[PDB]
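Visitor: Numbering (the authors' numbering), first residue to last: 1 to 122.
1) Identify every run of the beta strand (DSSP E) within the segment 56–110, keeping only runs that are complete inside it and at least 3 residues long; order them along the chain.
2) Can you tell me whether DSSP reads residue 41 as helix, strand or coil?
3) Whole angstroms is fine: what's the gap from residue 53's alpha carbon to residue 107's?
4) For the alpha helix (DSSP H) holding residue 6, just list the boundary residues, first then last.
5) Leaving out five residues before and five after residue 115 in sequence, what residues of the same chain have Cβ atoms less than 6 Å from its Cβ?
6) Going by Cα to Cα distance, which pick from 76, 67, 51 is closest to residue 60?
7) Would you grab the beta carbon distance between residue 12 and residue 97 for me? Rounded to a whole angstrom, and I think it's under 8 Å.
Below is the structure:
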(Lines of atoms letter the chains of each structure in order from A and count residues from 1; the text may use other names and numbers.)
(Lines give C-alpha, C1' and ligand atoms only; values in the text may rest on other atoms or scores of the structure.)
Protein backbone atom coordinates (compact mmCIF):
# COMPACT_ATOMS: atom_id res chain seq x y z
CA UNK A 1 0.00 0.00 0.00
CA UNK A 2 1.14 3.60 -0.58
CA UNK A 3 1.54 4.65 3.06
CA UNK A 4 3.93 1.73 3.65
CA UNK A 5 5.76 2.89 0.56
CA UNK A 6 5.73 6.39 2.07
CA UNK A 7 7.35 5.24 5.32
CA UNK A 8 10.16 3.46 3.44
CA UNK A 9 10.87 6.63 1.49
CA UNK A 10 11.10 8.61 4.75
CA UNK A 11 13.54 6.24 6.45
CA UNK A 12 15.87 6.13 3.45
CA UNK A 13 15.72 9.77 2.29
CA UNK A 14 14.51 11.78 5.31
CA UNK A 15 12.40 13.92 2.93
CA UNK A 16 8.57 14.06 3.01
CA UNK A 17 7.34 11.57 0.33
CA UNK A 18 4.31 13.48 -0.99
CA UNK A 19 5.98 16.91 -1.23
CA UNK A 20 9.38 15.67 -2.44
CA UNK A 21 8.48 12.78 -4.74
CA UNK A 22 4.80 12.88 -5.86
CA UNK A 23 5.30 15.59 -8.48
CA UNK A 24 8.96 15.12 -9.40
CA UNK A 25 10.09 15.36 -13.03
CA UNK A 26 8.26 13.34 -15.65
CA UNK A 27 7.80 9.88 -14.11
CA UNK A 28 7.00 10.24 -10.45
CA UNK A 29 3.59 9.27 -9.07
CA UNK A 30 1.06 9.86 -11.86
CA UNK A 31 3.90 10.73 -14.26
CA UNK A 32 2.69 9.90 -17.76
CA UNK A 33 5.44 9.71 -20.42
CA UNK A 34 8.32 11.91 -21.57
CA UNK A 35 12.06 11.27 -21.34
CA UNK A 36 13.25 10.88 -17.69
CA UNK A 37 15.05 13.94 -16.30
CA UNK A 38 17.60 12.44 -13.90
CA UNK A 39 18.47 9.39 -11.77
CA UNK A 40 15.53 10.22 -9.48
CA UNK A 41 13.03 10.43 -12.36
CA UNK A 42 14.42 7.09 -13.50
CA UNK A 43 14.01 5.54 -10.04
CA UNK A 44 10.41 6.60 -10.47
CA UNK A 45 10.20 5.10 -13.96
CA UNK A 46 11.40 1.62 -12.95
CA UNK A 47 8.94 1.70 -10.03
CA UNK A 48 6.05 2.22 -12.45
CA UNK A 49 7.25 -0.70 -14.52
CA UNK A 50 7.45 -2.57 -11.23
CA UNK A 51 3.84 -1.74 -10.27
CA UNK A 52 2.22 -2.29 -13.69
CA UNK A 53 3.68 -5.80 -13.75
CA UNK A 54 1.79 -6.38 -10.49
CA UNK A 55 -1.43 -4.68 -11.66
CA UNK A 56 -3.57 -7.62 -10.51
CA UNK A 57 -2.20 -7.23 -6.97
CA UNK A 58 -3.58 -3.66 -6.67
CA UNK A 59 -0.14 -2.46 -5.41
CA UNK A 60 -1.38 0.94 -4.21
CA UNK A 61 -3.97 -0.53 -1.82
CA UNK A 62 -2.32 -3.78 -0.78
CA UNK A 63 -0.91 -3.93 2.75
CA UNK A 64 2.17 -6.06 3.28
CA UNK A 65 4.66 -6.89 6.06
CA UNK A 66 8.11 -5.32 6.30
CA UNK A 67 10.65 -4.18 8.88
CA UNK A 68 13.66 -1.87 8.93
CA UNK A 69 15.91 -4.09 11.07
CA UNK A 70 19.64 -3.34 11.31
CA UNK A 71 20.07 -0.94 8.40
CA UNK A 72 17.98 -2.98 5.93
CA UNK A 73 14.36 -3.27 4.79
CA UNK A 74 13.24 -6.88 4.95
CA UNK A 75 10.08 -7.95 3.11
CA UNK A 76 8.39 -10.50 5.34
CA UNK A 77 5.21 -11.52 3.52
CA UNK A 78 4.94 -15.03 2.11
CA UNK A 79 2.46 -14.60 -0.73
CA UNK A 80 3.52 -13.31 -4.20
CA UNK A 81 1.65 -10.00 -4.49
CA UNK A 82 2.58 -8.79 -1.00
CA UNK A 83 6.01 -10.40 -1.48
CA UNK A 84 6.71 -8.43 -4.68
CA UNK A 85 4.96 -5.11 -4.04
CA UNK A 86 7.18 -4.66 -1.00
CA UNK A 87 10.18 -5.43 -3.17
CA UNK A 88 9.19 -2.67 -5.62
CA UNK A 89 8.68 -0.16 -2.81
CA UNK A 90 12.05 -1.02 -1.22
CA UNK A 91 13.74 -0.98 -4.64
CA UNK A 92 12.60 2.61 -5.20
CA UNK A 93 13.19 3.95 -1.68
CA UNK A 94 16.80 2.76 -1.68
CA UNK A 95 17.11 4.07 -5.25
CA UNK A 96 16.09 7.58 -4.09
CA UNK A 97 18.51 7.59 -1.15
CA UNK A 98 21.55 6.73 -3.23
CA UNK A 99 20.55 9.37 -5.79
CA UNK A 100 20.00 12.23 -3.31
CA UNK A 101 23.30 13.74 -4.41
CA UNK A 102 21.48 15.01 -7.52
CA UNK A 103 17.98 15.67 -6.15
CA UNK A 104 17.04 18.84 -8.03
CA UNK A 105 14.54 21.13 -6.28
CA UNK A 106 13.58 22.70 -9.63
CA UNK A 107 12.08 19.33 -10.64
CA UNK A 108 10.11 18.98 -7.38
CA UNK A 109 6.90 20.45 -8.84
CA UNK A 110 7.98 20.14 -12.47
CA UNK A 111 5.63 21.45 -15.16
CA UNK A 112 5.17 18.23 -17.16
CA UNK A 113 4.30 19.92 -20.46
CA UNK A 114 8.08 20.32 -20.68
CA UNK A 115 8.38 16.53 -20.51
CA UNK A 116 7.95 16.20 -24.28
CA UNK A 117 9.49 13.36 -26.27
CA UNK A 118 8.07 9.95 -27.23
CA UNK A 119 7.14 7.53 -24.41
CA UNK A 120 9.25 4.80 -22.79
CA UNK A 121 8.40 1.10 -23.22
CA UNK A 122 8.41 -0.58 -19.80
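Note that beta-carbon positions come from the ideal geometry of N, C-alpha and C, so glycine has one too.
Guide: The answer reads as follows:
1) Taken in chain order, the complete beta strand (DSSP E) segments of 3 residues or longer contained in the segment 56–110 are 66–69, 72–75.
2) By one-based count along the chain shown, residue 41 stands at place 41. The DSSP-derived three-state label of residue 41 is helix.
3) The residue you call residue 53 lines up with position 53 of the chain shown. The residue you call residue 107 lines up with position 107 of the chain shown. Approximately 27 Å between the Cα atoms of the pair.
4) The residue given as residue 6 occupies position 6 in the chain shown. Note, residue 6: alpha helix (DSSP H), 2–13.
5) As a working note, residue 115 is residue 115 in the chain shown. Result list for residue 115: 26, 34, in chain order.
6) Here residue 60 corresponds to residue number 60 of the chain shown, with the count starting at 1. Ranking 76, 67, 51 by CA distance to the CA of residue 60 puts 51 first.
7) Walking along the chain shown from the start, residue 12 turns up at place 12. Walking along the chain shown from the start, residue 97 turns up at place 97. 4 Å between Cβ atoms; contact.
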